[PDB]
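Read-outs throughout are calculated quantities, based only on the coordinates presented, and are distinct from any laboratory measurement. Virtual Cβ from ideal backbone geometry, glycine too; neighbours counted across all protein chains shown.
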Amino acid sequence: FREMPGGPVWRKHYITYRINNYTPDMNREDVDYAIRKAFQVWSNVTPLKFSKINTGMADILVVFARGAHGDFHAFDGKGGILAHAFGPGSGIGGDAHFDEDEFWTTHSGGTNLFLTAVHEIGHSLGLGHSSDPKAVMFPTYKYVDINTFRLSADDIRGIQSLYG
Amino acid sequence: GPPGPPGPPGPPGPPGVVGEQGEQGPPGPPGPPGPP
Amino acid sequence: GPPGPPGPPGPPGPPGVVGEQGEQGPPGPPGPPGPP
Amino acid sequence: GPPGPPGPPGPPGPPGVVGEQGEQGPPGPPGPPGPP
Ligand SMILES: [Ca+2]
Ligand SMILES: [Ca+2]
Ligand SMILES: [Ca+2]
Ligand SMILES: [Zn+2]
Ligand SMILES: [Zn+2]
């Protein structure tokens, strides 16, 4: 089901993001590069353009939080929930929230922020889910060598059914 | 007077929350024996 | 009589399903060679 | 006319994703001592 049901999308190509706060698990420039490369995975395959901003309102807020954090999607200590997105739209729409009890990383150990951000930014773009274990929008993350990363064909089918 | 039509369909629901994190990898085998 | 205006725009969709469980971590590298 | 039925239920949202694959396995302990 590779697209949001009914499906909200962005009605413009120039999209913005803001990092609300940073995780203490990582270097600041590695949180930056994880989110920058996670947006690049999706701009490679659509008309969309993604820009970081440092004050005011953004289309997509990136947030680190733990436990209850102001929507009906409360986090839950180490393990269990590691993140949640919201679909395209105003205010809380588009926003990607990540759990701070988890240990965020650049690498194969811990919790790989780039790979998680590809799925939850994928929902911030209006993706559904694939039913194939090879897909990034599948209901299962697998660790894959981030240095050689590719979308699956069913993820490219999904995002190209919403944009272009 | 006659009732009006049904409303538009509701907005889509929010996306699902991430599931349980994988368990820590098994510890490695003991290293090779000491040299003579 | 005149037919009414439409009803309100439907209740929002229920939230998406919670994720399943992470695959277990890859096994550790073999240890360093033992003491002489 | 009366203001209509309150609209069809919205589409239920797309799911989670299993939490990140398990940690690296710890490197094994150093090997057993060499031959006397
Ligand atoms: Ca937003
Ligand atoms: Ca958690
Ligand atoms: Ca943390
Ligand atoms: Zn939230
Ligand atoms: Zn999902």
#### Entry: Cα-centred dipole magnitude for the protein assembly as shown, charges only on beta-carbon of K, R (+1) and D, E (-1), debye, nearest 20
860
#### Entry: Mean Cα-pair separation over length for chain A, i.e. relative contact order, pairs under 8 Å, 6 or more apart, %
29
### Query
Which loop-located chymotrypsin sites (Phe, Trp or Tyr not before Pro) does the range A:31-78 contain, where loop means any DSSP state but H, G, I, E or B and the Cβ has at most 10 other Cβ atoms within 10 Å?
A:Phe72
### Task
Taking the Cβ of A:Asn20 as the centre, find all other residues whose Cβ is under 15 Å away and add up their charges (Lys, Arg: +1; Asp, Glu: -1).
-3
## Note on the structure
Listed by chain and number, the residues whose amide H is under 5 Å from that of A:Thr111, excluding neighbours fewer than 5 places away on the same chain and using placed H, are A:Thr105
### Query
Which value in Å is the Kirkwood Rh of chain A over different Cα pairs?
15.9
### Message
Suppose the chain between A:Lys12 and A:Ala68 were pulled fully straight at 0.36 nm per residue; how much longer would it get relative to their current alpha carbon spacing?
### Response
16.9 nm
### Cβ neighbours within 10 Å from other chains - mean over A:2-11
3
### Message
List the residues, sorted by chain then number, that are 5 or more residues from A:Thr16 or on another chain and whose placed amide H is less than 5 Å from its amide H.
### Response
A:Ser51, A:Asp59, A:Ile60
## Note on the structure
Cβ density ranking, 10 Å radius, fewest first, applied to A:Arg2, A:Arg11 yields A:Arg11, A:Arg2
### Task
Out of all DSSP beta bridges with both ends in the range A:5-164, state the antiparallel percent to the nearest 5.
15
